[PDB]
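Novice: This one's experimental. Sequence and coordinates below.
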2 protein chains.
Amino acid sequence: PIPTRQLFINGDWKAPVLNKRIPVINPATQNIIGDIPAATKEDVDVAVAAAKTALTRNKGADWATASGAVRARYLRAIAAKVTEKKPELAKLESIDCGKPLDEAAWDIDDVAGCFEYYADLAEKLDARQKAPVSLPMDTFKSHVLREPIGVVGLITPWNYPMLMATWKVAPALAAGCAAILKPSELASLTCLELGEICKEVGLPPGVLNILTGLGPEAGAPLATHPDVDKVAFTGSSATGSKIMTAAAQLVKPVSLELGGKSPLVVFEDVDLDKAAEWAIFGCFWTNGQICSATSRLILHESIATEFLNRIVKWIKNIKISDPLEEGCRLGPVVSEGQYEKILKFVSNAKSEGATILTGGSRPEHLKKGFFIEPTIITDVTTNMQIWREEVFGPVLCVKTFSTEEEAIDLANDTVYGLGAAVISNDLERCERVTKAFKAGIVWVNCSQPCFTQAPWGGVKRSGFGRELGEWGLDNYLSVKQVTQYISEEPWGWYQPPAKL
Amino acid sequence: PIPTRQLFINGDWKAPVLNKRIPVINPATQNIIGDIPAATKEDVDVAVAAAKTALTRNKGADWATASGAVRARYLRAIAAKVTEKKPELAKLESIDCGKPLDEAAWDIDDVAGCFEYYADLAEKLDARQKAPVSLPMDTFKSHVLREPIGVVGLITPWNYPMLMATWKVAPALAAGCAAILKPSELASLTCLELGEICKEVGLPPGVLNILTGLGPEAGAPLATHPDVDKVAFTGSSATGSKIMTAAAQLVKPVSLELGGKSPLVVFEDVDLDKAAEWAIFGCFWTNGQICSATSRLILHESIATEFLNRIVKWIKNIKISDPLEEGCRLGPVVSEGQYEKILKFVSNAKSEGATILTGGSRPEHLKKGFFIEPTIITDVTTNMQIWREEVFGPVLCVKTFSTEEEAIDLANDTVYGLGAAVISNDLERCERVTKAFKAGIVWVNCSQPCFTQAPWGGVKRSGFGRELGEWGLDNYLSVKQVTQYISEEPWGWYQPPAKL
Ligand code: NA
Ligand code: NA
C-alpha cells in the first residue's frame, strides 16, 4: 500500500547517487512500513544544477519568463490532481505522521486550495509588472520589474507534511522560481507523491525537485550552495539558527518560520463550552504538534474551577486511537524520540512541583504506538520549564489572572511571539488585548484557524518574514528598479573638454 | 571648528561608560582634527534599554502607538533643521569623508528630502492600518495591523555618512520604531549633529540614539542583544557575514545592503561625450566609493578606441583637490588604509598583465592627502583580480564586446548583483539588456542617479532586502494578522460532553 519511490529530479525519478535509504515508521503501531531515499550533497548538486537549467532553458520561455497565466495553468492542474487523489493522499498522511484522518483530509483540501490561490495570484502578476514609480524630476522615468528570485531551497517539517511543502512550493512556482523541496525524513510519503503529480501534469523538468533524506545530509547543502538564491525554512528554532548560520557565509537570504509558546487568554464573560473547545483545539489538535499552539492557558480566576471541570469533561470524550479508525480525534505523536521527550516534559513539571490535573502518560487501552493522553498541567509557576519551553505534544499548562493588565503581562511573558488568542464577549477588550499581544498571529474568540489568504509568521524568537497571502508570493520575487534618463541634455556634472 | 560631542542616548549627550575616544582624520590633509566618542557594549546596553522604554512609555502614546501624522511632524521638523544647517553640514561631511563639497551639498539636500518623503509615508500609514483580508468563509473575519518592529539597530558606512544614516533612520522613525544608529568610525561627524537636531526638534527621548565607535565594540553588540528586534546594515560583505552570523544565534532578522561589481554596457549607437560622462560618474563620482559603482566597462569594439580617447580627455578636465576648494570634482579617498588598498589593486592589475591606460597613482601636484588619480585599466582578462573584486576607489576596468549576447554574459560574469547600466539609443535593446541583467538596480542611458522614491538593493552576493520607497517603510513594520470567529455556532470539531 505504501509507495516505493526515488528522488524526484529534473522531471523524473532518480536514485540517490550513493543509493542510501531510510525507514518509514507508522507511529500508530511502531512498525517499519517501507523506506524513502536518503539524499546527500551530490544529489543536491544534481538537483540545483537541474533547477538552474530549468530557469534559463529556451530563454526562460517555458517557465521563468513565461506569463503568470501559463504557470497558473500548471498550478490549477496540480490542484485538480491533488483533489483527485485525496482519499489516498490523506490516508498516506495519517499513516506517515499520525494525525487523525479527518485532519489529514482537511490538510489535503487546503493543499489543493493553496495551489489554486497562488494560481490566481500568478494570473494577476503580469499586470503588476512595470509598476511606475513617480519621480520628482521629469528628466528621469522609473519602474519596477518583479522577477523570480531564482533557485529556491525549501525545507519543511512533519506536522503538516504536504501542506507545509505546499505553502512554500505554490507561491515559489507561481513567482517563476525553480525549487528543491526537502521534506522531513519523519514524513516524506505525500511529498514524494507530489513528484508523481508533477510528472502527470507535465510540469517542466527541473522546476520542482524533491529530495528526501536527513537534515544535515540533504537540507544543509542547500544553505551552502552558490547557486541557491534563497532558503525558505519551517521547523525548530535550533535548526533555523544552523541554516541561518551557514547561509551567512554566502550572505544568502533565509526566511524562518519557527516554534513558539503561544498564549490563549480566557476572560470570564464567555460561554464555557465554546471556550473549552477552542482551548483543546488550540493545544491538542494535530496531536499537539502546532507551531502556533496556544499551549499556555491564561484563565480568569473567577471561572478557573468550572472551566477546568468542563475542559476535562471534553477531554474525556476525545477518542484516542489509530488515526485511520472512524471518529478518531487524537492520534499518536510522530515518533519515539518525541514521545519520550514529551513525557519527560510532563515528569519534569512533576519534579518542579506542578500538578497534572488530567492525562500525563500513554492511554491504558492502547498497547502499541506513541500515544499520549491530552495532558493539563496546573499550579504552574512562571519559572518552570513547562511554562517557558515548547513541548510540541498534547500538553497544556494553566495559570490564572484577575486583571486585563496581568493577563497581557503573562501573555507576553516569553522569548517567542508566533501566535496568541483572546476569548471574551467584550469585543473592545478583545481589540485592546489584540494590540497588546506581541505576536504575528492573533485569534479572537477562537484559536488556530489558518487561512491561505492571510499572512502567517512570528516576532521575537519565533522567526521573521511572512508566508501566505500576497506576502507568500512576494517572498519569491526579486524587485528590480529600472531608472531611465530621458533628457537629451548632457548630465552636465563634469567639465567637458573644450572644443579645440 | 569641528564640533566635540558625546554619545546621543535617551534624548541627551552622554559620555561613554569607559570614556574612550577615537581620532577624526581629514583625508585631504592627513591631520588629526578632533575626536569622537568610542562606544562599547555597556553603552549599547544603556541605549537599548533607552529604546525599549521609549516604545512603552505612556502606553506608546508619544511615539510607538501615536498616529503617523504625529511622527510626520517630527520628521518634517528634522528635515527643516537639516536644510537650515546645510552649509555647515555639507562642509562637515566633506572634511569628514573627503567627497567634493558639491557632492556633500547634494547629499544634505537628499537627507532633508528623505525625511520629508518618509513624513508623507508616515501620514498615509494611519489609513493603511486595519486592512481587511478577504476570507472564503462568512464565519470568520480577518485584517492586518502594521506595528513598529520595535528596537532597531542601524549600522551604516562612511561613503555617504548622513545620507546612509537617514535612509534607515527616516523609515524606522516613520514606522514608530526606536533606533540605535551606529555610524562608521571613519565619518561620524554629521551623524552626531543629527543628535543635536533631535534635541532641538523635541524628538521623544530614546526614539533615536546615536552611538559612535568601533565596529566590533559598538556595532557588534547590537546583533547579539536579546532586546534588539532587527538589525539593518550597509557595508562590506565580510562585515555583513559577521553580523548575520551573530544574529542567527538569537534568530534575529537582519537586512544587508552590500557592495558589488556592477557593469555598464555601452553599445556603438550612442553620443560618445554623454556616454563618456556617465561612465565617469558611474565609477569616479563620490571618489569611486559607490557600492553600486559601474566599475566594469563593457564597451562595443567598433567605438572602443574613440570612446577611450574621449573618456581620457574628460578625465584630464577633472579638478582634483581639497574637497572644499571651488570647482573640486574629485577629492581624496576616505582613509590611509583605503588609499593603500586601492593602489595595491592597480599594481596587482599590472602584475597580472593588464594595462593602465590613465592614472594609477597619486596626482603630482598634491603632496599631502590620500588622493588617487582617476584610473582606467584596459587589456583585462576575466580571471584577473581587477575584474572580479570590488576596488572601492576611482578605478575603472574595461572589456570589449561585439554581440549583445556576449555583453550580457560579461555583465553577469560576477558573484555580485547590486547595480547595472545600459547605454544605447536603441531603447528596445535597452529593455532586453535590462531584463537580462542579474541586478537589483538597472540604469538606462545613465549610471548611478538615486531617488528616494525607488526600491534599492541587490541580488546574488550583493545582499538582500530593499530600502527606499515604500519598501523602506515596510522594513520597519511587523505584520500582525488578526482573525476573528464571528459565528455563534460552536466550532463543532470535538464531541461535546453529553447533556447529563
Ligand atoms: Na513516518
Ligand atoms: Na573622517
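Specialist: In hand now; what should we look at? Residues are numbered from 1 along each chain as shown, chains lettered A, B, ... in the order given. Ligands and ions are numbered 1, 2, ... in the order given.
Novice: Near chain B, which residues of the stretch 1-150 of chain A? Just list them.
Specialist: A:65, A:133, A:134, A:135, A:136, A:137, A:140, A:142, A:144, A:145, A:149, A:150 (C-beta under 8 Å from any C-beta of the partner chain). For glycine as for every other residue, the C-beta is placed from the backbone atoms N, C-alpha and C.
Novice: Could I get the contacting residues of residue A:230?
Specialist: Residue A:230 is in contact with A:149, A:150, A:152, A:153, A:252, A:253, A:254, A:255, A:475, A:476, B:464, counting by C-beta atoms under 8 Å, 6 or more residues apart in numbering or on different chains.
Novice: For the residues you listed, which entry has the maximal number of neighbours?
Specialist: Scoring these on neighbours with other C-beta atoms under 10 Å in any protein chain shown, the highest-scoring entry is residue A:153 at 31 neighbours.
Novice: Test my guess that that one contacts residue A:182.
Specialist: Yes: using C-beta atoms under 8 Å, residue A:153 is in contact with residue A:182, at 6.7 Å.
Novice: what touches both of these two?
Specialist: With C-beta under 8 Å, 6+ apart as the test, residue A:153 and residue A:182 both reach A:219, A:222.
Novice: The residue minimising distance to the centre of chain A sits in which helix or strand?
Specialist: Closest to where the C-alpha atoms of chain A average out (C-alpha atoms, centre = their mean) is residue A:164, at 4.5 Å. According to DSSP states H and E, residue A:164 maps onto helix A:161-174.
Novice: and that helix, does that touch ligand 1?
Specialist: No: using C-beta under 5 Å from the ion, helix A:161-174 never reaches ligand 1; the gap is at least 9.0 Å.
Novice: Which residue is the nearest non-sequential neighbour of residue A:111?
Specialist: Excluding the flanking residues, the one nearest residue A:111 by C-beta to C-beta, 6 or more residues apart in numbering or on different chains is residue A:166, at 4.7 Å.
Novice: hang on, isn't that neighbour packed against residue A:115?
Specialist: Yes: with contact defined as C-beta under 8 Å, residue A:166 reaches residue A:115; the gap is 6.6 Å.
Novice: Which residue ranges make up each domain of chain A?
Specialist: In the assignment given by curated CATH domains, the structural domains of chain A cover A:1-259+A:452-500, A:260-451.
Novice: Would you pull up the residue in chain A closest to ligand 1?
Specialist: Residue nearest to ligand 1 within chain A (C-beta to the ion): residue A:96, separated by 4.5 Å.
Novice: which ones are touching that residue?
Specialist: Contacts of residue A:96 by C-beta under 8 Å, 6+ apart are A:24, A:26, A:161, A:187, A:188, A:189, A:190.
Novice: Which stretches in the stretch 351-500 of chain A count as helices?
Specialist: Secondary structure of the stretch 351-500 of chain A (DSSP state H, counting those that start in this stretch): helices at A:385-388, A:404-411, A:427-436, A:469-474.
Novice: Name the residues of the first one that are buried.
Specialist: Residues of helix A:385-388 classed as buried by neighbour count (16 or more other C-beta atoms under 10 Å in any protein chain shown): A:386, A:387.
Novice: one step back: downstream of the helix holding residue A:164, the next helix or strand is which one?
Specialist: Taking DSSP H and E as the definition, the helix or strand right after helix A:161-174 is strand A:178-182.
Novice: helices or strands up against that following strand?
Specialist: For strand A:178-182, the elements it packs on are helix A:41-56, strand A:151-155, helix A:161-174, strand A:208-210, judged by 3 or more C-beta pairs under 8 Å, 6 or more residues apart in numbering or on different chains; DSSP states H and E.
Novice: give me that answer again for 10 Å
Specialist: Judged by 3 or more C-beta pairs under 10 Å, 6 or more residues apart in numbering or on different chains; DSSP states H and E, strand A:178-182 is in contact with strand A:7-9, helix A:41-56, strand A:151-155, helix A:161-174, helix A:189-201, strand A:208-210, strand A:230-234.
Novice: and that strand, how far from the chain's centre?
Specialist: Per C-alpha atoms, centre = their mean, to the nearest Å, the displacement of strand A:178-182 from the mean C-alpha position of its chain is 15 Å.
Novice: What about residue A:127, how many residues nearby?
Specialist: 9.
Novice: Let me fix that, I meant to ask about residue A:410.
Specialist: Neighbours around residue A:410, by other C-beta under 10 Å: 18.
Novice: try residue A:272
Specialist: Number of residues near residue A:272 (other C-beta under 10 Å) recorded here: 15.
Novice: now residue A:16: how far from ligand 2?
Specialist: 56 Å (C-beta to the ion, to the nearest Å).
Novice: Could you report the neighbour count for that residue?
Specialist: Residue A:16: 22 surrounding residues under other C-beta under 10 Å.
Novice: Report the secondary structure state of it.
Specialist: coil (DSSP: H, G, I helix; E, B strand; the rest coil).
Novice: Tell me which residues touch it, please.
Specialist: By C-beta atoms under 10 Å, 6 or more residues apart in numbering or on different chains, the contact set of residue A:16 is A:6-7, A:9, A:37-40, A:42-43, A:46, A:211-213, A:217-218.
Novice: Ignoring the adjacent residues along the chain, who's closest to residue A:175?
Specialist: That would be residue A:476: by C-beta to C-beta, 6+ apart, it lies 3.7 Å from residue A:175.
Novice: and what of residue A:348?
Specialist: Excluding the flanking residues, the one nearest residue A:348 by C-beta to C-beta, 6+ apart is residue A:385, at 5.3 Å.
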